[PDB]
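Undergrad: Next comes input-v7.pdb, PDB, C-alpha atoms and all ligand atoms:
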ATOM      1  CA  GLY A   1      46.369 -11.936 -16.379  1.00  0.00           C
ATOM      2  CA  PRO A   2      46.403 -11.473 -12.583  1.00  0.00           C
ATOM      3  CA  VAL A   3      43.419 -11.757 -10.257  1.00  0.00           C
ATOM      4  CA  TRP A   4      43.051 -11.656  -6.506  1.00  0.00           C
ATOM      5  CA  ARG A   5      42.929 -15.221  -5.230  1.00  0.00           C
ATOM      6  CA  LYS A   6      41.076 -14.438  -2.038  1.00  0.00           C
ATOM      7  CA  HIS A   7      37.571 -13.053  -1.215  1.00  0.00           C
ATOM      8  CA  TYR A   8      38.226 -10.508   1.536  1.00  0.00           C
ATOM      9  CA  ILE A   9      40.053  -7.534   0.003  1.00  0.00           C
ATOM     10  CA  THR A  10      41.123  -4.454   1.957  1.00  0.00           C
ATOM     11  CA  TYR A  11      41.533  -0.907   0.986  1.00  0.00           C
ATOM     12  CA  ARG A  12      43.036   2.199   2.454  1.00  0.00           C
ATOM     13  CA  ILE A  13      42.717   5.865   1.580  1.00  0.00           C
ATOM     14  CA  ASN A  14      46.235   7.180   1.784  1.00  0.00           C
ATOM     15  CA  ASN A  15      45.171  10.864   1.694  1.00  0.00           C
ATOM     16  CA  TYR A  16      42.187  12.969   0.757  1.00  0.00           C
ATOM     17  CA  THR A  17      41.625  15.431  -2.052  1.00  0.00           C
ATOM     18  CA  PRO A  18      40.930  18.993  -0.810  1.00  0.00           C
ATOM     19  CA  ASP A  19      38.300  19.167  -3.598  1.00  0.00           C
ATOM     20  CA  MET A  20      35.697  17.361  -1.516  1.00  0.00           C
ATOM     21  CA  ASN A  21      34.172  16.852   1.913  1.00  0.00           C
ATOM     22  CA  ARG A  22      36.109  13.976   3.542  1.00  0.00           C
ATOM     23  CA  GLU A  23      32.998  11.986   4.238  1.00  0.00           C
ATOM     24  CA  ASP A  24      32.106  12.406   0.545  1.00  0.00           C
ATOM     25  CA  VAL A  25      35.443  10.866  -0.500  1.00  0.00           C
ATOM     26  CA  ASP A  26      34.827   7.959   1.879  1.00  0.00           C
ATOM     27  CA  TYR A  27      31.323   7.356   0.513  1.00  0.00           C
ATOM     28  CA  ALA A  28      32.262   7.698  -3.164  1.00  0.00           C
ATOM     29  CA  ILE A  29      35.131   5.139  -2.749  1.00  0.00           C
ATOM     30  CA  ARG A  30      32.884   2.815  -0.773  1.00  0.00           C
ATOM     31  CA  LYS A  31      30.044   2.962  -3.373  1.00  0.00           C
ATOM     32  CA  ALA A  32      32.570   2.307  -6.126  1.00  0.00           C
ATOM     33  CA  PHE A  33      33.861  -0.906  -4.458  1.00  0.00           C
ATOM     34  CA  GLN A  34      30.242  -1.914  -3.822  1.00  0.00           C
ATOM     35  CA  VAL A  35      29.539  -1.783  -7.590  1.00  0.00           C
ATOM     36  CA  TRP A  36      31.994  -4.615  -7.992  1.00  0.00           C
ATOM     37  CA  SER A  37      31.236  -6.712  -4.937  1.00  0.00           C
ATOM     38  CA  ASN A  38      27.569  -6.589  -6.179  1.00  0.00           C
ATOM     39  CA  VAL A  39      28.493  -8.846  -9.068  1.00  0.00           C
ATOM     40  CA  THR A  40      31.225 -11.009  -7.570  1.00  0.00           C
ATOM     41  CA  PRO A  41      32.058 -12.965  -4.400  1.00  0.00           C
ATOM     42  CA  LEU A  42      34.432 -10.166  -3.249  1.00  0.00           C
ATOM     43  CA  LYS A  43      34.066  -8.291   0.040  1.00  0.00           C
ATOM     44  CA  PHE A  44      35.823  -4.951   0.452  1.00  0.00           C
ATOM     45  CA  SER A  45      36.773  -3.381   3.803  1.00  0.00           C
ATOM     46  CA  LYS A  46      38.361   0.009   4.551  1.00  0.00           C
ATOM     47  CA  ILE A  47      41.248  -0.172   6.965  1.00  0.00           C
ATOM     48  CA  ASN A  48      42.767   2.842   8.534  1.00  0.00           C
ATOM     49  CA  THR A  49      46.207   1.638   9.204  1.00  0.00           C
ATOM     50  CA  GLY A  50      48.720  -1.011   8.087  1.00  0.00           C
ATOM     51  CA  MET A  51      48.991  -2.523   4.604  1.00  0.00           C
ATOM     52  CA  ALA A  52      45.863  -2.695   2.514  1.00  0.00           C
ATOM     53  CA  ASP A  53      45.567  -4.621  -0.698  1.00  0.00           C
ATOM     54  CA  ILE A  54      44.364  -1.486  -2.556  1.00  0.00           C
ATOM     55  CA  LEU A  55      45.987   1.829  -1.672  1.00  0.00           C
ATOM     56  CA  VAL A  56      43.981   4.839  -2.745  1.00  0.00           C
ATOM     57  CA  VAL A  57      46.124   7.901  -3.443  1.00  0.00           C
ATOM     58  CA  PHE A  58      45.635  11.469  -4.633  1.00  0.00           C
ATOM     59  CA  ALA A  59      48.812  12.777  -6.327  1.00  0.00           C
ATOM     60  CA  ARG A  60      49.802  15.115  -9.174  1.00  0.00           C
ATOM     61  CA  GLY A  61      52.612  15.170 -11.732  1.00  0.00           C
ATOM     62  CA  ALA A  62      55.479  12.810 -11.237  1.00  0.00           C
ATOM     63  CA  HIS A  63      54.516  10.841  -8.127  1.00  0.00           C
ATOM     64  CA  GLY A  64      56.954   7.972  -7.745  1.00  0.00           C
ATOM     65  CA  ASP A  65      55.811   5.518 -10.331  1.00  0.00           C
ATOM     66  CA  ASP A  66      56.053   5.335 -14.113  1.00  0.00           C
ATOM     67  CA  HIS A  67      52.611   6.822 -14.700  1.00  0.00           C
ATOM     68  CA  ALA A  68      53.207  10.506 -14.218  1.00  0.00           C
ATOM     69  CA  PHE A  69      50.069  12.647 -14.250  1.00  0.00           C
ATOM     70  CA  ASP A  70      49.617  15.502 -16.673  1.00  0.00           C
ATOM     71  CA  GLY A  71      47.863  18.404 -14.961  1.00  0.00           C
ATOM     72  CA  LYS A  72      44.194  19.238 -15.412  1.00  0.00           C
ATOM     73  CA  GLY A  73      42.384  17.063 -18.036  1.00  0.00           C
ATOM     74  CA  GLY A  74      43.961  14.276 -20.065  1.00  0.00           C
ATOM     75  CA  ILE A  75      44.608  11.389 -17.678  1.00  0.00           C
ATOM     76  CA  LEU A  76      42.284  11.454 -14.677  1.00  0.00           C
ATOM     77  CA  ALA A  77      43.580   8.497 -12.663  1.00  0.00           C
ATOM     78  CA  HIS A  78      45.339   5.127 -13.118  1.00  0.00           C
ATOM     79  CA  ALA A  79      45.514   1.789 -11.289  1.00  0.00           C
ATOM     80  CA  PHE A  80      47.690  -1.303 -11.076  1.00  0.00           C
ATOM     81  CA  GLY A  81      46.480  -4.851 -11.637  1.00  0.00           C
ATOM     82  CA  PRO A  82      46.302  -7.415  -8.822  1.00  0.00           C
ATOM     83  CA  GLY A  83      49.567  -8.189  -7.210  1.00  0.00           C
ATOM     84  CA  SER A  84      51.809  -7.470  -4.246  1.00  0.00           C
ATOM     85  CA  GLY A  85      52.934  -4.018  -3.147  1.00  0.00           C
ATOM     86  CA  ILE A  86      51.753  -1.387  -5.577  1.00  0.00           C
ATOM     87  CA  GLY A  87      49.664  -4.090  -7.243  1.00  0.00           C
ATOM     88  CA  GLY A  88      46.007  -3.126  -6.887  1.00  0.00           C
ATOM     89  CA  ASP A  89      46.758   0.477  -6.039  1.00  0.00           C
ATOM     90  CA  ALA A  90      44.649   3.221  -7.501  1.00  0.00           C
ATOM     91  CA  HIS A  91      45.954   6.779  -8.041  1.00  0.00           C
ATOM     92  CA  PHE A  92      43.845   9.870  -8.709  1.00  0.00           C
ATOM     93  CA  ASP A  93      45.148  13.027 -10.349  1.00  0.00           C
ATOM     94  CA  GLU A  94      44.957  15.899  -7.837  1.00  0.00           C
ATOM     95  CA  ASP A  95      45.009  18.341 -10.773  1.00  0.00           C
ATOM     96  CA  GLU A  96      41.532  17.258 -11.639  1.00  0.00           C
ATOM     97  CA  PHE A  97      38.650  18.705  -9.604  1.00  0.00           C
ATOM     98  CA  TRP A  98      36.872  15.802  -7.870  1.00  0.00           C
ATOM     99  CA  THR A  99      33.119  16.051  -7.120  1.00  0.00           C
ATOM    100  CA  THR A 100      30.028  14.114  -6.017  1.00  0.00           C
ATOM    101  CA  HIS A 101      28.201  15.376  -9.108  1.00  0.00           C
ATOM    102  CA  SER A 102      28.366  16.285 -12.846  1.00  0.00           C
ATOM    103  CA  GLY A 103      30.739  19.182 -12.345  1.00  0.00           C
ATOM    104  CA  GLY A 104      34.501  18.631 -12.501  1.00  0.00           C
ATOM    105  CA  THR A 105      35.363  14.904 -12.656  1.00  0.00           C
ATOM    106  CA  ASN A 106      33.175  12.534 -10.700  1.00  0.00           C
ATOM    107  CA  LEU A 107      35.254  10.522  -8.188  1.00  0.00           C
ATOM    108  CA  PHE A 108      32.714   7.735  -7.835  1.00  0.00           C
ATOM    109  CA  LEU A 109      32.598   7.081 -11.669  1.00  0.00           C
ATOM    110  CA  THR A 110      36.304   7.408 -11.969  1.00  0.00           C
ATOM    111  CA  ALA A 111      36.811   5.095  -8.953  1.00  0.00           C
ATOM    112  CA  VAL A 112      34.523   2.460 -10.415  1.00  0.00           C
ATOM    113  CA  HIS A 113      36.690   2.332 -13.564  1.00  0.00           C
ATOM    114  CA  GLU A 114      39.961   2.394 -11.609  1.00  0.00           C
ATOM    115  CA  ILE A 115      38.786  -0.377  -9.259  1.00  0.00           C
ATOM    116  CA  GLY A 116      37.896  -2.422 -12.358  1.00  0.00           C
ATOM    117  CA  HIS A 117      41.649  -2.211 -13.205  1.00  0.00           C
ATOM    118  CA  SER A 118      42.599  -2.955  -9.575  1.00  0.00           C
ATOM    119  CA  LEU A 119      40.601  -6.205  -9.893  1.00  0.00           C
ATOM    120  CA  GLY A 120      42.332  -7.102 -13.186  1.00  0.00           C
ATOM    121  CA  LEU A 121      39.747  -5.889 -15.781  1.00  0.00           C
ATOM    122  CA  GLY A 122      41.001  -4.221 -19.006  1.00  0.00           C
ATOM    123  CA  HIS A 123      39.103  -1.921 -21.353  1.00  0.00           C
ATOM    124  CA  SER A 124      35.923  -2.450 -23.321  1.00  0.00           C
ATOM    125  CA  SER A 125      35.280  -1.114 -26.821  1.00  0.00           C
ATOM    126  CA  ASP A 126      31.596  -0.612 -25.873  1.00  0.00           C
ATOM    127  CA  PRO A 127      30.779   3.055 -25.042  1.00  0.00           C
ATOM    128  CA  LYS A 128      28.121   1.958 -22.533  1.00  0.00           C
ATOM    129  CA  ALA A 129      30.647   0.165 -20.335  1.00  0.00           C
ATOM    130  CA  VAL A 130      32.330   1.883 -17.426  1.00  0.00           C
ATOM    131  CA  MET A 131      35.577   0.233 -18.643  1.00  0.00           C
ATOM    132  CA  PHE A 132      35.389   2.099 -22.009  1.00  0.00           C
ATOM    133  CA  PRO A 133      38.911   3.710 -22.351  1.00  0.00           C
ATOM    134  CA  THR A 134      37.780   7.297 -22.063  1.00  0.00           C
ATOM    135  CA  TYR A 135      35.712   9.114 -19.386  1.00  0.00           C
ATOM    136  CA  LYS A 136      32.071   9.994 -19.941  1.00  0.00           C
ATOM    137  CA  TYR A 137      29.876  11.289 -17.136  1.00  0.00           C
ATOM    138  CA  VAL A 138      26.585   9.531 -16.479  1.00  0.00           C
ATOM    139  CA  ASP A 139      24.098  10.283 -13.723  1.00  0.00           C
ATOM    140  CA  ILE A 140      25.553   8.526 -10.727  1.00  0.00           C
ATOM    141  CA  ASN A 141      22.361   8.148  -8.635  1.00  0.00           C
ATOM    142  CA  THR A 142      21.113   5.769 -11.344  1.00  0.00           C
ATOM    143  CA  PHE A 143      24.472   4.341 -12.369  1.00  0.00           C
ATOM    144  CA  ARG A 144      24.563   0.641 -13.431  1.00  0.00           C
ATOM    145  CA  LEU A 145      27.388  -1.531 -14.856  1.00  0.00           C
ATOM    146  CA  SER A 146      26.732  -2.434 -18.450  1.00  0.00           C
ATOM    147  CA  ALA A 147      26.136  -6.080 -19.366  1.00  0.00           C
ATOM    148  CA  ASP A 148      29.589  -5.873 -20.978  1.00  0.00           C
ATOM    149  CA  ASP A 149      31.202  -4.846 -17.649  1.00  0.00           C
ATOM    150  CA  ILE A 150      29.354  -7.620 -15.920  1.00  0.00           C
ATOM    151  CA  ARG A 151      30.563 -10.325 -18.332  1.00  0.00           C
ATOM    152  CA  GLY A 152      34.183  -8.996 -18.071  1.00  0.00           C
ATOM    153  CA  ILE A 153      34.267  -9.130 -14.268  1.00  0.00           C
ATOM    154  CA  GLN A 154      32.502 -12.449 -14.134  1.00  0.00           C
ATOM    155  CA  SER A 155      35.062 -13.894 -16.521  1.00  0.00           C
ATOM    156  CA  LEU A 156      37.678 -13.193 -13.801  1.00  0.00           C
ATOM    157  CA  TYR A 157      35.707 -13.837 -10.565  1.00  0.00           C
ATOM    158  CA  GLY A 158      32.860 -16.117  -9.630  1.00  0.00           C
TER     159      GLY A 158
HETATM  160  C1  LIG B   1      35.445   6.649 -15.568  1.00  0.00           C
HETATM  161  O1  LIG B   1      36.411   5.937 -16.327  1.00  0.00           O
HETATM  162  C2  LIG B   1      37.664   6.419 -16.672  1.00  0.00           C
HETATM  163  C3  LIG B   1      38.528   6.942 -15.727  1.00  0.00           C
HETATM  164  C4  LIG B   1      39.817   7.373 -16.144  1.00  0.00           C
HETATM  165  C5  LIG B   1      40.234   7.291 -17.496  1.00  0.00           C
HETATM  166  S1  LIG B   1      41.666   7.857 -18.025  1.00  0.00           S
HETATM  167  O2  LIG B   1      42.149   8.694 -16.957  1.00  0.00           O
HETATM  168  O3  LIG B   1      41.390   8.549 -19.244  1.00  0.00           O
HETATM  169  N1  LIG B   1      42.736   6.713 -18.402  1.00  0.00           N
HETATM  170  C6  LIG B   1      43.324   5.892 -17.332  1.00  0.00           C
HETATM  171  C7  LIG B   1      44.793   5.599 -17.648  1.00  0.00           C
HETATM  172  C8  LIG B   1      42.573   4.595 -17.174  1.00  0.00           C
HETATM  173  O4  LIG B   1      42.095   3.990 -18.261  1.00  0.00           O
HETATM  174  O5  LIG B   1      42.382   4.079 -16.091  1.00  0.00           O
HETATM  175  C9  LIG B   1      39.336   6.757 -18.418  1.00  0.00           C
HETATM  176  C10 LIG B   1      38.078   6.287 -18.003  1.00  0.00           C
HETATM  177 CA    CA B   2      45.123  14.985 -15.616  1.00  0.00          CA
HETATM  178 CA    CA B   3      48.680  -2.975  -3.246  1.00  0.00          CA
HETATM  179 CA    CA B   4      42.075  18.808  -7.144  1.00  0.00          CA
HETATM  180 ZN    ZN B   5      50.541   6.635 -10.001  1.00  0.00          ZN
HETATM  181 ZN    ZN B   6      41.185   2.396 -17.851  1.00  0.00          ZN
END
Written as structure tokens, how would this file's structure read?
TA:
Amino acid sequence: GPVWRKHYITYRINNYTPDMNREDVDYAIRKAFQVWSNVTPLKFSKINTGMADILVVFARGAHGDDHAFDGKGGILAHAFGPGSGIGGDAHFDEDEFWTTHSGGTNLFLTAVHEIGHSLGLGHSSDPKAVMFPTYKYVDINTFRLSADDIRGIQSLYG
């Protein structure tokens, strides 16, 4: 399936959840990309204008694609695989309550998983992996990709 065929990848935050401090959204998204560039040759850069490879969006309900959100709970976010246009883009459900911590739904953890999809990774059946199909909070100050997540990404890049 698709992968990015270039090493410098850009992203852009289309808009910001009111759930968080802005700088906290910026840092959570940045840390999430870093998790992946730590184990691949990819470099990620935030641009503020123009067309990014990966558009980061907060939206609720029906939001102009075929992956309508469902209110609070259920689906937290979704992302498109590598490709032009909406390819790569990662959408976060505004009906969730985004946080830097264990309360609500953690944006950083969610963003890690969604960026995995943006890079072309699918799901793992291993509950330790961030790409397990269903969300499970783990302490983010000590967060590490599982060996399973590492083999998956390294089967696509590097
Ligand atoms: C932190 O990882 C997760 C973030 C969101 C979800 S999810 O929101 O339950 N499912 C979407 C469609 C997905 O697999 O991307 C499941 C796991
Ligand atoms: Ca939801
Ligand atoms: Ca895109
Ligand atoms: Ca919200
Ligand atoms: Zn969407
Ligand atoms: Zn997923």
Undergrad: Between atom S1 of ligand LIG 1 (chain B) and atom CA of residue 91 of chain A, what is the distance, to one decimal in Å?
TA: 10.9 Å
Undergrad: Selected by the PyMOL selection byres (((not hetatm)) within 7 of (chain B and resi 1)) in the shown coordinates: which residues, as a ChimeraX atom specification?
TA: /A:74-79,109-114,117,130-136
Undergrad: For residue 92 of chain A, which of A:34, A:142, A:106, A:21 is the closest residue, counting only C-alpha atoms?
TA: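 Among A:34, A:142, A:106, A:21, it is A:106 that comes nearest to residue 92 of chain A.
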Undergrad: Skipping near chain neighbours, those fewer than 3 positions away, what residues fall within 12 Å of residue 150 of chain A using all atoms listed in the file, listed as a list in words?
TA: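 So, after excluding close chain neighbours, the residues are residues 35, 36, 37, 38, 39, 40, 116, 121, 124, 128, 129, 130, 131, 144, 145, 146, 147, 153, 154, 155, 156, 157 and 158 of chain A.
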Undergrad: Could you list, as a PyMOL selection string, all protein and nucleic acid residues with an atom at most 6 Å from ligand CA 2 (chain B), counting all atoms listed in the file?
TA: chain A and resi 69-76+93+95-96
